[PDB]
Structure formats: C-alpha cells, structure tokens
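All Cβ positions, even for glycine, are placed from backbone atoms using ideal geometry, and neighbour counts span all protein chains on display. Each reported figure results from applying straightforward, stated rules to the coordinates on display, with no laboratory input.
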Amino acid sequence: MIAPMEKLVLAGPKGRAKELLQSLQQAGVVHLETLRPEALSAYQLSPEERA
Amino acid sequence: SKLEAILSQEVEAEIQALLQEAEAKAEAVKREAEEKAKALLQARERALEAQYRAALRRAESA
C-alpha cells in the first residue's frame, strides 16, 4: 500500500527560513516543490550566499 | 495572525532602529552647523570690539 503522502506548507522569516530548512534537512523525510506562479517572486537567493 | 505579528513586530523594530539611526544622523548634521553659527557670531563680536577700541583711540587722538 502506497503511503497517502500529505502536503506540508510552511512560512515565516528568512533567517528562520535558513534555520528551519537546516532543521528540516537534518531530519530528511520531506520532498520539495517549486510553488512559483501565485503572488510571490521566484526567490533569487542572495549575492553573498551565491558566492 | 500569529506569524503576521512575528514578521511585523520584528522587522518593524528593525525599521524603527533605522529611523533612530536617521535621527542621530540629522542631529549630527545640526550640531556642527550650530557650532559654526556660534563661532561666526563670536568672531563678528570680536571684530566689532576691536573696531570700537580703534574708534576710541582715534577719538582720543583727535
């Protein structure tokens, strides 16, 4: 039996975004999604984080 | 909501610290201008007092 595979939506601030993505990536049991077209930007990340 | 309160409170306090920085900058602009104004007034008063002393010496010579 294939698992029912629920959806997980999160939000918040961006220093907390990097920190919660760290804490979500340490317990790595989640798949990702683009979530572009509605009401938000494509998130060009940062220049210093790109370096 | 709760996350609205978090985001608004935190980065609005950041904006408030930015406004405090701007007001400190404006105060540092005004301070040196007041210093130059009072120094100009004192130099003008000194030149006037030297002028009046020279006028008194001229009156004494006459």
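Somewhere in region B:43-54, is a residue free of Cβ contacts under 8 Å to residues at least 40 places away in the same chain, within 30 Å of A:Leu10 (Cβ to Cβ) and either more than 14 Å from chain A (Cβ to nearest Cβ) or among the aliphatic types (A, V, I, L, M) (or both)? I'd like the intermediate steps shown before the answer.
First, the residues of region B:43-54 that are free of Cβ contacts under 8 Å to residues at least 40 places away in the same chain: B:43-54.
Subsequent filtering for residues that are within 30 Å of A:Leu10 (Cβ to Cβ) retains none.
Looking for residues that are free of Cβ contacts under 8 Å to residues at least 40 places away in the same chain, within 30 Å of A:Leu10 (Cβ to Cβ) and either more than 14 Å from chain A (Cβ to nearest Cβ) or among the aliphatic types (A, V, I, L, M) (or both), one finds none in region B:43-54, hence no.
Residue-wise test of (1) more than 13 Å from the chain's Cα centre (by Cα); (2) over 22 Å from B:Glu12 (Cα atoms).
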position: A:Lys14; (1), (2): no, no
position: A:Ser23; (1), (2): no, yes
position: A:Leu32; (1), (2): no, yes
position: A:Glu38; (1), (2): yes, yes
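Within region A:30-48, how many residues are part of a helix (DSSP H, G or I) and either within 22 Å of B:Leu7 (Cα to Cα) or not charged (D, E, K, R) (or both)? Give the derivation first.
As a first pass, look at region A:30-48 and keep what is part of a helix (DSSP H, G or I): A:47-48.
Keeping just the survivors that are either within 22 Å of B:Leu7 (Cα to Cα) or not charged (D, E, K, R) (or both) gives A:47.
Residues in region A:30-48 being part of a helix (DSSP H, G or I) and either within 22 Å of B:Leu7 (Cα to Cα) or not charged (D, E, K, R) (or both): 1 in total.
Quick check on B:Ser1: is it loosely packed, with under 10 Cβ neighbours inside 10 Å and either under 26 Å from A:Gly15 (Cβ atoms) or not hydrophobic (A, V, I, L, M, F, W, C) (or both)? Please lay out each step first, then the result.
Values: loosely packed, with under 10 Cβ neighbours inside 10 Å: yes; either under 26 Å from A:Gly15 (Cβ atoms) or not hydrophobic (A, V, I, L, M, F, W, C) (or both): yes.
Criteria met by B:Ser1.
Can we say B:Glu4 is within 14 Å of chain A (Cβ to nearest Cβ), under 30 Å from A:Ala17 (Cβ atoms) and assigned to a helix (DSSP H, G or I)? Give the derivation first.
Details: within 14 Å of chain A (Cβ to nearest Cβ): yes; under 30 Å from A:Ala17 (Cβ atoms): yes; assigned to a helix (DSSP H, G or I): yes.
It is true that B:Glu4 is within 14 Å of chain A (Cβ to nearest Cβ), under 30 Å from A:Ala17 (Cβ atoms) and assigned to a helix (DSSP H, G or I).
Name every residue in region B:4-14 that is hydrophobic (A, V, I, L, M, F, W, C) and surrounded by fewer than 10 Cβ atoms within 10 Å (Cβ to Cβ), in order of residue number.
Step one: of region B:4-14, the residues hydrophobic (A, V, I, L, M, F, W, C) are B:5-7, B:11, B:13.
The answer is B:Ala5, and nothing else.
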### Query
Of everything in region A:12-29 that's part of a loop (DSSP other than H, G, I, E, B) and exposed (fewer than 11 other Cβ atoms within 10 Å of the Cβ), which residue is nearest to the other protein chains (Cβ to nearest Cβ)?
A:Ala27
